[PDB]
Each structure stands twice: as C-alpha cells, then as structure tokens.
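Trainee: Structure file target-v3.cif, mmCIF, C-alpha atoms, is pasted below:
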```cif
data_data
loop_
_atom_site.label_atom_id
_atom_site.label_comp_id
_atom_site.auth_asym_id
_atom_site.auth_seq_id
_atom_site.Cartn_x
_atom_site.Cartn_y
_atom_site.Cartn_z
CA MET Z 1 75.71 21.66 -3.51
CA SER Z 2 74.42 18.11 -3.15
CA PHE Z 3 76.23 15.85 -0.68
CA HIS Z 4 74.07 12.88 -1.66
CA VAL Z 5 70.97 14.02 -3.57
CA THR Z 6 68.95 14.95 -0.48
CA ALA Z 7 68.14 13.60 2.97
CA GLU Z 8 64.52 13.08 3.96
CA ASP Z 9 63.18 11.71 7.26
CA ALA Z 10 66.79 11.75 8.42
CA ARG Z 11 66.13 12.09 12.14
CA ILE Z 12 66.98 10.11 15.27
CA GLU Z 13 64.77 8.94 18.11
CA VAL Z 14 64.93 7.50 21.62
CA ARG Z 15 63.83 3.88 21.62
CA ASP Z 16 64.22 1.73 24.71
CA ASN Z 17 66.82 4.20 26.04
CA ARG Z 18 68.77 3.66 22.83
CA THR Z 19 69.58 5.79 19.81
CA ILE Z 20 67.74 4.90 16.62
CA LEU Z 21 68.25 6.60 13.26
CA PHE Z 22 65.93 6.10 10.32
CA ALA Z 23 65.97 7.71 6.89
CA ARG Z 24 65.23 7.10 3.24
CA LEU Z 25 68.28 5.63 1.51
CA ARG Z 26 68.78 4.77 -2.14
CA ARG Z 27 70.18 1.44 -3.27
CA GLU Z 28 72.25 0.80 -6.42
CA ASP Z 29 68.99 -0.24 -8.08
CA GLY Z 30 68.09 3.43 -7.95
CA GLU Z 31 65.27 2.88 -5.48
CA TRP Z 32 64.66 4.79 -2.26
CA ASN Z 33 63.97 2.64 0.77
CA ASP Z 34 63.48 3.94 4.31
CA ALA Z 35 65.91 2.19 6.62
CA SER Z 36 66.25 2.25 10.38
CA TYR Z 37 69.35 1.38 12.38
CA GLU Z 38 70.19 1.89 16.04
CA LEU Z 39 72.98 4.40 16.55
CA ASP Z 40 73.27 3.20 20.16
CA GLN Z 41 75.94 0.80 18.91
CA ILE Z 42 77.83 3.56 17.10
CA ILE Z 43 77.65 6.69 19.29
CA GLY Z 44 78.55 7.14 22.96
CA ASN Z 45 79.02 9.55 25.86
CA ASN Z 46 82.33 9.51 27.72
CA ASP Z 47 82.06 11.26 31.11
CA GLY Z 48 80.07 14.04 29.47
CA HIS Z 49 82.24 14.24 26.39
CA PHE Z 50 80.71 13.18 23.09
CA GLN Z 51 82.67 10.17 21.86
CA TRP Z 52 80.97 7.88 19.36
CA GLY Z 53 82.02 4.29 19.99
CA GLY Z 54 79.02 2.16 20.85
CA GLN Z 55 76.98 3.07 23.90
CA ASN Z 56 73.37 3.72 24.74
CA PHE Z 57 74.38 7.31 25.45
CA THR Z 58 70.83 8.21 24.53
CA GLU Z 59 69.79 7.48 28.12
CA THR Z 60 72.58 9.64 29.57
CA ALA Z 61 71.88 12.31 26.96
CA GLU Z 62 69.03 14.68 26.16
CA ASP Z 63 68.02 17.01 23.32
CA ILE Z 64 68.59 14.08 20.99
CA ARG Z 65 68.50 15.84 17.62
CA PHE Z 66 70.30 14.94 14.39
CA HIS Z 67 70.83 17.28 11.45
CA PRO Z 68 72.63 15.61 8.49
CA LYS Z 69 72.56 18.84 6.51
CA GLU Z 70 73.45 22.29 7.78
CA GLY Z 71 72.30 25.01 5.41
CA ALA Z 72 74.38 25.12 2.24
CA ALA Z 73 77.22 23.27 3.96
CA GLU Z 74 75.12 20.13 4.41
CA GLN Z 75 77.10 19.49 7.58
CA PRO Z 76 75.75 16.37 9.37
CA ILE Z 77 75.96 17.03 13.10
CA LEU Z 78 74.42 15.11 16.01
CA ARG Z 79 73.35 17.30 18.92
CA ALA Z 80 72.93 15.85 22.40
CA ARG Z 81 73.20 17.01 26.00
CA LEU Z 82 75.52 14.71 27.92
CA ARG Z 83 76.12 14.72 31.65
CA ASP Z 84 79.76 15.05 32.71
CA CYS Z 85 81.17 12.83 35.46
CA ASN Z 86 80.92 15.80 37.84
CA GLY Z 87 77.18 15.95 37.25
CA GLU Z 88 77.20 18.84 34.82
CA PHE Z 89 75.25 18.51 31.60
CA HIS Z 90 76.03 20.33 28.38
CA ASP Z 91 75.07 19.95 24.73
CA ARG Z 92 77.71 18.40 22.51
CA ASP Z 93 77.88 17.78 18.76
CA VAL Z 94 79.55 15.23 16.47
CA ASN Z 95 79.64 14.36 12.76
CA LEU Z 96 77.43 11.25 12.66
CA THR Z 97 77.12 10.94 8.88
CA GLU Z 98 80.88 10.49 8.77
CA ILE Z 99 80.57 7.57 11.19
CA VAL Z 100 78.14 5.39 9.28
CA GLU Z 101 77.42 5.45 5.56
CA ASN Z 102 74.59 4.17 3.37
CA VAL Z 103 75.11 0.83 1.71
CA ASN Z 104 71.93 0.06 -0.25
CA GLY Z 105 69.50 0.91 2.54
CA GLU Z 106 71.93 -0.42 5.10
CA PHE Z 107 74.55 1.18 7.33
CA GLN Z 108 78.26 0.60 7.81
CA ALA Z 109 80.49 2.01 10.55
CA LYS Z 110 83.69 3.55 9.23
CA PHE Z 111 84.93 4.33 12.74
#
```
Would you write out, as structure tokens, the structure that this file holds?

Mentor:
Amino acid sequence: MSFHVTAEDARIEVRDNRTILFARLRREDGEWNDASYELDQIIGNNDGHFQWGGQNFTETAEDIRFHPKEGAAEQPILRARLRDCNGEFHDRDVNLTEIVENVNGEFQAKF
C-alpha cells in the first residue's frame, strides 16, 4: 500500500484569500524538493457545491483542510465548507490529488 512512496508536508493553506498547496515532491533525479502551487486556479466553489475548476473558493470556503492519504486507502480528499447560494454553508469534499499530479516538483492539471 504505497500510492506514491509517501506524502509529507502535503497540506493546503489560505494565502491572500487563495488556496495554496505545498508538499515535498520527488523529481526523476530521485531527489525530494518541496514545491508550492496555488490550488486557487484549480479548485472552485459553485453556489455551495464543490466543483474544482479555477476559483479562489478559499475565500468563500472554510475548514480548508487537505488529506492526500486516508488511512490504508491513501484517498486524497480536500475538505472545505462552502456557502450555498441560499446562504447555507456545508462541508464538501473532492479528490484533489486526481486533479493535479507531480511532475518533477511541479504540478499539472489533468482536469
């Protein structure tokens, strides 16, 4: 059970009302380099529904927590409370690791 060796420092943060994800990534050289990339251009909130597309949903969301590995499943889910168009806020979750992948300490959006 090893999705990709192991994920360390793989957490997101709120920077300038924008989502920012940083983590140690390994390049083909076999070296581990800590990279940081804003998820604000990858994830998004649509009227309270979690829809990753490219929005600074981080400002319209709370409880900004990312877990790229869930127990033995190593399920990468992004948790965030979004506020629905009615004004109701609820926590949502989406597979962020499946959105962007590691390309030698860099990120690439598959969606």

Trainee: Evaluating the PyMOL selection byres ((chain Z and resi 66-81) around 8) on the displayed file yields which residues, as a PDB file with C-alpha atoms, in the coordinates of the input?

Mentor:
```
ATOM      1  CA  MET Z   1      75.710  21.660  -3.510  1.00  0.00           C
ATOM      2  CA  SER Z   2      74.420  18.110  -3.150  1.00  0.00           C
ATOM      3  CA  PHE Z   3      76.230  15.850  -0.680  1.00  0.00           C
ATOM      4  CA  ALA Z   7      68.140  13.600   2.970  1.00  0.00           C
ATOM      5  CA  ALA Z  10      66.790  11.750   8.420  1.00  0.00           C
ATOM      6  CA  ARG Z  11      66.130  12.090  12.140  1.00  0.00           C
ATOM      7  CA  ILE Z  12      66.980  10.110  15.270  1.00  0.00           C
ATOM      8  CA  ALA Z  61      71.880  12.310  26.960  1.00  0.00           C
ATOM      9  CA  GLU Z  62      69.030  14.680  26.160  1.00  0.00           C
ATOM     10  CA  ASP Z  63      68.020  17.010  23.320  1.00  0.00           C
ATOM     11  CA  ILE Z  64      68.590  14.080  20.990  1.00  0.00           C
ATOM     12  CA  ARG Z  65      68.500  15.840  17.620  1.00  0.00           C
ATOM     13  CA  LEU Z  82      75.520  14.710  27.920  1.00  0.00           C
ATOM     14  CA  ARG Z  83      76.120  14.720  31.650  1.00  0.00           C
ATOM     15  CA  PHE Z  89      75.250  18.510  31.600  1.00  0.00           C
ATOM     16  CA  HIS Z  90      76.030  20.330  28.380  1.00  0.00           C
ATOM     17  CA  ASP Z  91      75.070  19.950  24.730  1.00  0.00           C
ATOM     18  CA  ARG Z  92      77.710  18.400  22.510  1.00  0.00           C
ATOM     19  CA  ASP Z  93      77.880  17.780  18.760  1.00  0.00           C
ATOM     20  CA  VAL Z  94      79.550  15.230  16.470  1.00  0.00           C
ATOM     21  CA  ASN Z  95      79.640  14.360  12.760  1.00  0.00           C
ATOM     22  CA  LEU Z  96      77.430  11.250  12.660  1.00  0.00           C
ATOM     23  CA  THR Z  97      77.120  10.940   8.880  1.00  0.00           C
ATOM     24  CA  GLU Z  98      80.880  10.490   8.770  1.00  0.00           C
TER      25      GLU Z  98
END
```

Trainee: Separation of CA of residue 4 (chain Z) and CA of residue 18 (chain Z), in Å?

Mentor: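 If I compute the distance from CA of residue 4 (chain Z) to CA of residue 18 (chain Z), I get 26.7 Å.
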
Trainee: When you look at residue 100 (chain Z) with a cut-off of 8 Å (counting all atoms listed in the file), what residues show up, excluding the ones that are within fewer than 6 positions of it in the same chain? I need them as a compact mmCIF listing (two decimals) with C-alpha atoms, in the frame of the given file.

Mentor:
```txt
# COMPACT_ATOMS: atom_id res chain seq x y z
CA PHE Z 107 74.55 1.18 7.33
CA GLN Z 108 78.26 0.60 7.81
CA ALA Z 109 80.49 2.01 10.55
CA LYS Z 110 83.69 3.55 9.23
CA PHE Z 111 84.93 4.33 12.74
```

Trainee: Would you compute the distance between CA of residue 19 (chain Z) and CA of residue 87 (chain Z)? Give it in Å to one decimal.

Mentor: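 CA of residue 87 (chain Z) lies 21.6 Å from CA of residue 19 (chain Z).
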
Trainee: Between Z:60, Z:14, Z:9, Z:38, which has the minimum distance to residue 106 (chain Z) (counting only C-alpha atoms)?

Mentor: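 Ranking Z:60, Z:14, Z:9, Z:38 by distance to residue 106 (chain Z), first place goes to Z:38.
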
Trainee: Once the PyMOL selection byres ((chain Z and resi 48) around 7) has been evaluated on this model, what residues remain selected, and can you format them as a PDB file with C-alpha atoms, in the frame of the given file?

Mentor:
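Wrote expr07.pdb, looks like this:
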```
ATOM      1  CA  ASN Z  45      79.020   9.550  25.860  1.00  0.00           C
ATOM      2  CA  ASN Z  46      82.330   9.510  27.720  1.00  0.00           C
ATOM      3  CA  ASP Z  47      82.060  11.260  31.110  1.00  0.00           C
ATOM      4  CA  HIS Z  49      82.240  14.240  26.390  1.00  0.00           C
ATOM      5  CA  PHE Z  50      80.710  13.180  23.090  1.00  0.00           C
ATOM      6  CA  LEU Z  82      75.520  14.710  27.920  1.00  0.00           C
ATOM      7  CA  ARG Z  83      76.120  14.720  31.650  1.00  0.00           C
ATOM      8  CA  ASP Z  84      79.760  15.050  32.710  1.00  0.00           C
ATOM      9  CA  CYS Z  85      81.170  12.830  35.460  1.00  0.00           C
ATOM     10  CA  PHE Z  89      75.250  18.510  31.600  1.00  0.00           C
TER      11      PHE Z  89
END
```

Trainee: Just how far from CA of residue 39 (chain Z) is CA of residue 54 (chain Z), in Å to one decimal?

Mentor: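 Computed distance, CA of residue 54 (chain Z) to CA of residue 39 (chain Z), equals 7.7 Å.
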
Trainee: Which one is closest to residue 53 (chain Z): Z:28, Z:41, Z:20, Z:8? Count only C-alpha atoms.

Mentor: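 Smallest distance to residue 53 (chain Z) is found for Z:41.
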
Trainee: Decode the PyMOL selection byres ((chain Z and resi 55) around 6) for the given file into explicit residues and return them as a list in words.

Mentor: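 So the PyMOL selection byres ((chain Z and resi 55) around 6), applied here, picks out residues 40, 41, 43, 44, 54, 56 and 57 of chain Z.
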